[PDB]
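Colleague: So I pulled this structure from the PDB, and the sequence comes with it:
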Amino acid sequence: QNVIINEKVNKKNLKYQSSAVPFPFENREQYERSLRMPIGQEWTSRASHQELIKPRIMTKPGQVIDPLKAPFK
Amino acid sequence: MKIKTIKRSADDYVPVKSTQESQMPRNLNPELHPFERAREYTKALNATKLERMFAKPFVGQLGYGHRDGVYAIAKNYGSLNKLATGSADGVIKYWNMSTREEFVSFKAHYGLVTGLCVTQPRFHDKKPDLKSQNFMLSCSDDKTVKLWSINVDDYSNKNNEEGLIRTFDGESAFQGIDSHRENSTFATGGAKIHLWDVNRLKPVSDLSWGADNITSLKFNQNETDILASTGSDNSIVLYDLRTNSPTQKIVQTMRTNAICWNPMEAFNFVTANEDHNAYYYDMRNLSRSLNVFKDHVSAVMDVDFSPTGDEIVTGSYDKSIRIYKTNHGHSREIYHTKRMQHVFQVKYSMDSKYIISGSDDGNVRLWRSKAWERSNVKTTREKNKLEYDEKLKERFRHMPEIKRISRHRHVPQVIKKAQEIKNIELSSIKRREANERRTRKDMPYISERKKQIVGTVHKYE
Amino acid sequence: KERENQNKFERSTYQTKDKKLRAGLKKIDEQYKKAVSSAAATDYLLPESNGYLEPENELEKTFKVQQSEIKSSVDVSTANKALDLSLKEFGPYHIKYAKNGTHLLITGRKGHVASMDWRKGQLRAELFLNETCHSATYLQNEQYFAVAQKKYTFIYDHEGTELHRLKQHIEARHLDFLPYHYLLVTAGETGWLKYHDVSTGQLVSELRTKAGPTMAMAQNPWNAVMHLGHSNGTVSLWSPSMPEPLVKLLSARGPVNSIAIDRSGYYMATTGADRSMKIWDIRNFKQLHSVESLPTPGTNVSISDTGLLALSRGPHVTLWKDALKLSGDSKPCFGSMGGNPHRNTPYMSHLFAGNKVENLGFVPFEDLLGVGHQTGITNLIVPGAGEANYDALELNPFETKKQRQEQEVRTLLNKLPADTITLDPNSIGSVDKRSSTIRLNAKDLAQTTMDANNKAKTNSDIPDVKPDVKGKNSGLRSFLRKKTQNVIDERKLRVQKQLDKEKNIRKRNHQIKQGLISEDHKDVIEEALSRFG
Amino acid sequence: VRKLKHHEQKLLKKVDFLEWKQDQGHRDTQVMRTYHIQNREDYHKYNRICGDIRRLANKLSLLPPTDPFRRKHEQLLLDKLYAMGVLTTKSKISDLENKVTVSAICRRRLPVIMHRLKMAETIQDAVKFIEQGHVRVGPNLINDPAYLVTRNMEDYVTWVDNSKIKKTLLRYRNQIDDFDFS
Amino acid sequence: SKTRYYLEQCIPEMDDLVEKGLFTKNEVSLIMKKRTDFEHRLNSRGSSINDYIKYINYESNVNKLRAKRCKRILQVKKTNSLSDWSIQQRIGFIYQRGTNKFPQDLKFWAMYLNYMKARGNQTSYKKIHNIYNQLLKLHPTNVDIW
RNA sequence: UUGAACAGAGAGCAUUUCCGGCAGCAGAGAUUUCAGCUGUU
């Protein structure tokens, strides 16, 4: 009537969009649930920004690393 | 009538002193930060392009290197600067890695050396200084195992005896050597597994599951009384030396060239195996390989776990060194140069970043575990930038452009062609097995984590 | 941890027996909601307040006050930004403020172009071009600014050094800029839209509007899309990737006169020379509400960043408050019958004496709107225009030169490519539309290949047989007629045979309906000679 | 805008805010500077005339060689250009294709002719003189500074009588003859 | 940056404070305006002990105000809520950063030591030990501090 | 490798102690605050 939407597919956006749901997820609903929150400093507070940017493995840099010892005591 | 527009204070924003830094106000509002997804995407692309910019892992070599070609390397578990290279001509060398130079060079035997270990001998006689001299155990080919002393200039509390603390003889040519580090018991591998202690010149005990030559062995770094030893009839054998009983055996499909444990889990281990592959086993159920690392072209030669329990380094008989994560099962990094041929040993340094690599040429080249993390200590803002970029990349992993860029690497030419040949083979094999599953009634799905096991000696329910 | 700002802060979106995935989801939910609440806590740190004009009587209105009383009543800084030029020599003037709110660009209709700081009264550049200059804008800073001309579009330096004659923007009429793609968008009197990248200096694309001369142009910032108003009565949203229009809209009769869009990307105001105005909901595309009888065609309207509406219809200028709300009371209206409070009075009015508003624009981060008319420039004081509390990582209205060059290099390194402009700003993140909703695996793909290689036996392709539905709309017959007559295929042999089968079963059901031989009549001769077939 | 450092340069190779691919060397500007002309439209219209001449020469090439149509027409065009002033040597029809430049037409312009005949001193000064109205072409003067002139009026360009210019000239030679009030 | 982090940590006590009846929103935002000016002038370069003292004096004043305000407005002399020792250990943390950025001025050192002696209910005997250790290792040639 | 005490650091862990809410007593700093005493919640 007085609204007309285009249906054609933007191929360059089809490059920029994903392949499928990738392996470590199960559902594209989960995939968007992960890609929901931007992580940038210009979108959350600084405290949560560090809290989201603190990586899993961390070392002190210049010290000898030791295999873990059992604390049975 | 109340009229009040915006008032601005110049002394609220642009401050007074001519040195005091300019103030920054914020407002976190999605109506005032428009292109969130596209901005983070382009930031991720800039991140991975900068990683390809700084992709320079190779960092140098060792002195002048040996004269024949490195066949064994041992890292000092006590320090960080110290390693020992056993050549193939017959000279052992102790290396300082702070300035990349030789401490000392000994003509140890006349034939080859087979294996090294660096350690702390707990004599019942007296305790040698663990800050003044470090002690090597070198296993030869001509029926010899010798314990050696090295003067190390780590400290300067002080300011003799330059070599050959003691010798040990046998009948056969030993192949492997290592040390149960509590009270300095050490296992040697020749014809049969012989367990020796230091002061007695004789083997304290002997074990063997069968009558096969045994080529490599290793104690686990934690739960430190368990021995794992391979066997030239494509076998893995476990021993519990607190019992002095050979614990378990499995027969594979190809000879397992090397083995090591992960010091962060202490009951798993990696086996570098001749069919071009690496295997990840648990200590309880040997029936399933917990994983298979599957990105080489020829005989693998050696592996080692990471002190961080996450990285596995492997060196092929092909002119290449691969590095894998524990998870993914396809090699993240690959190093190589035209100046090295047939790497035979690769080891980690005890601070989870630097890789010692002894190839057949005689040099010993060391590498960075990350192509990006410059070793230099960095300021806070830069540290935050690098970490923010890394988590952003790890998030935006599976977009196709980032996938192509980060996965795109350089390999040498013969190896690229040989990978594509093996790929063509695997595609044909897929077609054949698919037709077989069409035709026959019921062939059970034999998974790739178990397509390489022929059998255990002890079984389960 | 419930607050009042979560409604605005929350980013909108669309269970297993796998323990690692369960822990991952609970982890991400916990930290996401902590982060959103923390930003709602950052709410307190905003320095200032909004500007407001409140009556406090019922005898007094809002609009009855004027610039005289307001300039007398508010501070010396605002009364000093209350600019008032007088340029009587050259023709009517058009205005664009830079994005930082710190550099005014004025263009007369005859040749005058001036670029000034306007605040401490420095004068960067002045040029007396003779040819009719039509429109102008700063593009990225206060260092590069583009004017149109009669025919070819020019890029000038900060000083007035001529830098570019962009050939392929013929007869350009309305400029604008996309600051996050370095994109100069020109709408011509050719019906062509031209997107040009100023970074590499390359035309990214053209677009062909089959309407006619482009009447008016405006950009939606929160989507970075171009809105054109043509002559037919259409307003059309475009993006520089595809050569078809993204969407069209029949918003006015006669020609469109002006378009404007709120920063929140959720409200559009259009005005049309059939003395009409429309207030549009952009997303979902429902024209919300419509004023039908203005006593002049509206020249130019524009949105505030706080929710004011500015309407310019000749020698008048009016401003309305809270207009873009959805409820059926916020209809903008010139008068309230008997003090009817549900109707929406004008919020601030003004006339000019003998001019005609050529156009108008808000200042970004003060609260004034600037009017360009036939001989002078004026900057009316308005209480609630701009958000007082800006943000200093994108637009720093107080900008030292070192900070300028740093922000500029950073944005060059942080540009978007021109192809990521669509109707929805999370699609660049989300999955493909065509691919599966649930993640399938090697086993699933082997299974579907086996199913598609079993489909030749189990007839999976052609729709199956039901004698129940009428033969006109019968799916087999519609499939058969959708296929042509000249080539005959094995699938067509199959569909012919099953349509014969549907005819047989439906005729048996017709016999059992009309009342022929029924109740399990079994044809045992067919039974007895099915032995050989 | 920064002399931006190593890594950011190798990321931002292709950016340039000053010279683009499409403004080919700023050729128009450089010629405009060398001959002191006044409008971008003057340059581009001279471009169009040059372009049409070259399409003519191209189709004349595409004709077969030994047609008297081709020979007579190309020779007639060479007469037209050699009398016009744009191209110098009448014989190389290659130089019809390859020597025809907006530089050549713009040097056939008026003020360059003044600097040719050493009337004025430099070209900008010649433009000042023609704007101020001291120089006449034959019997009438010129005020539009962008006059084209062929050879047969190059013969008649001169300064106007009873100008202070001609007064200064004949005064220095000590030959002002104020019966003509020159 | 660091200013942002310190204000972020400063929020929740103010949140609890206006959540209880004793403060209102405009008072809150004005207080945070003063706080931003202080902390930003503390974390830029060019600051000094006079800036530190002015900040600590301001916070002591707001503690007195909150005392009298709560006392009047709900007759509860000490509410079981975060705010109180939050303000106090904010003061102590300001003292700490003050000595670390300037270990030189004995006057400021002395104000810190006198505040810690005065609030002897909630001090750590060990913390006064830590301060004396710091002071003696930095100045050992101060027999008066001995 | 163990057994005891000695000297503690204060850089770990649990309060299952009691206190950080009051009427009366006096000591102390330059009006106001740090600890104890009695009963109270």
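Modeller: Arrived safely, thanks for sending. Numbers count the residues shown, from 1 in each chain, chains lettered A, B, ... in the order given.
Colleague: any idea which element whichever residue of the stretch 251-400 of chain B sits closest to chain A lies in?
Modeller: Of all residues in the stretch 251-400 of chain B, the one sitting closest to chain A is residue B:263 (3.5 Å; CB to the nearest CB). Bear in mind the C-beta positions are built from the backbone N, C-alpha and C, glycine included. Secondary structure assignment for residue B:263, by DSSP states H and E: no helix or strand.
Colleague: what's the answer for residue C:448, then?
Modeller: Assigned by DSSP H and E, residue C:448 falls in helix C:442-458.
Colleague: Could I get the buried residue list for the helix or strand just after that helix?
Modeller: Next in sequence after helix C:442-458, counting helices and strands by DSSP H and E, comes helix C:475-482. Neighbour counts over helix C:475-482 (16 or more other CB atoms under 10 Å in any protein chain shown) mark C:475-476 as buried.
Colleague: okay, the strand or helix carrying residue B:194 in PDB with CA atoms only?
Modeller: For residue B:194, the host element (DSSP H and E) is strand B:193-197. Presented in PDB, the C-alpha positions along strand B:193-197 are these (Å, rounded to 0.1, in the frame of the first residue of the first chain):
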ATOM      1  CA  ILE B 193      64.500 -50.500  32.900                       C
ATOM      2  CA  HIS B 194      67.200 -50.200  35.500                       C
ATOM      3  CA  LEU B 195      66.500 -48.200  38.600                       C
ATOM      4  CA  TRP B 196      69.700 -46.900  40.200                       C
ATOM      5  CA  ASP B 197      70.500 -44.800  43.200                       C
END
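Colleague: For chain B, which residues are neighbours of chain E?
Modeller: B:12, B:15, B:17, B:19-21, B:23-24, B:26, B:381 (CB under 8 Å from any CB of the partner chain).
Colleague: And for chain C?
Modeller: Residues of chain C lying near chain E (CB under 8 Å from any CB): C:38, C:41-42, C:44-47.
Colleague: By neighbour count, sort out the buried ones in those.
Modeller: The buried subset of the residues of chain C next to chain E - by 16+ other CB under 10 Å - is C:38, C:41-42, C:44-47.
Colleague: Burial check on the nearest residue to residue C:273 once chain neighbours are set aside, number of neighbours?
Modeller: Of all residues not flanking residue C:273 in the chain, residue C:297 sits nearest, at 4.2 Å (CB to CB, 6 or more residues apart in numbering or on different chains). Neighbours of residue C:297 under the rule other CB atoms under 10 Å in any protein chain shown: 17.
Colleague: do the same with residue B:215
Modeller: With other CB under 10 Å as criterion, residue B:215 counts 18.
Colleague: for residue D:66, same thing?
Modeller: 7.
Colleague: The one 5 residues further on now?
Modeller: Neighbour count of residue D:71, defined by other CB under 10 Å: 13.
Colleague: quick one, phi psi at it?
Modeller: With angles defined as degrees, to the nearest 10, residue D:71 sits at phi -60, psi -50.
Colleague: where do the strands sit along chain A?
Modeller: Assigned by DSSP state E, chain A shows strands spanning A:3-5.
Colleague: Return the distance of the helix holding residue C:448 from the chain's centre.
Modeller: Offset of helix C:442-458 from its chain centre (CA atoms, centre = their mean, to the nearest Å): 45 Å.
Colleague: Quick one: list the elements packing against the strand holding residue B:194.
Modeller: Here strand B:193-197 touches strand B:185-189, strand B:203-207, going by 3 or more CB pairs under 8 Å, 6 or more residues apart in numbering or on different chains; DSSP states H and E.
Colleague: Tell me which of these lies nearest to residue C:195.
Modeller: For residue C:195, the closest of these is strand B:185-189, at 72.1 Å, according to CB to CB.
Colleague: does that closest one come close to RNA strand F?
Modeller: No. Shown here: strand B:185-189 not in contact with RNA strand F (CB under 7 Å from any atom of the strand), separated by at least 13.7 Å.
Colleague: ok, whichever residue of chain E sits closest to chain C - contacts?
Modeller: Nearest residue of chain E to chain C, counting by CB to the nearest CB: residue E:11, 4.9 Å away. Residue E:11 makes contact with C:41-42, C:44, according to CB atoms under 8 Å, 6 or more residues apart in numbering or on different chains.
Colleague: again, only using 6 Å
Modeller: residue C:41 (CB atoms under 6 Å, 6 or more residues apart in numbering or on different chains).
Colleague: Tell me the first helix or strand C-terminal of the strand or helix carrying it.
Modeller: According to DSSP H and E, residue E:11 maps onto helix E:2-19. Later in the chain than helix E:2-19, the nearest helix or strand by DSSP H and E is helix E:25-43.
Colleague: Tell me what angle whichever helix or strand comes after that next one forms with helix E:2-19.
Modeller: Note on helix E:25-43: by DSSP H and E, the next helix or strand toward the C-terminus is helix E:49-74. For helix E:49-74 against helix E:2-19, the angle by axes from the mean of the first three to the mean of the last three CA atoms, to 10 degrees is 10 degrees.
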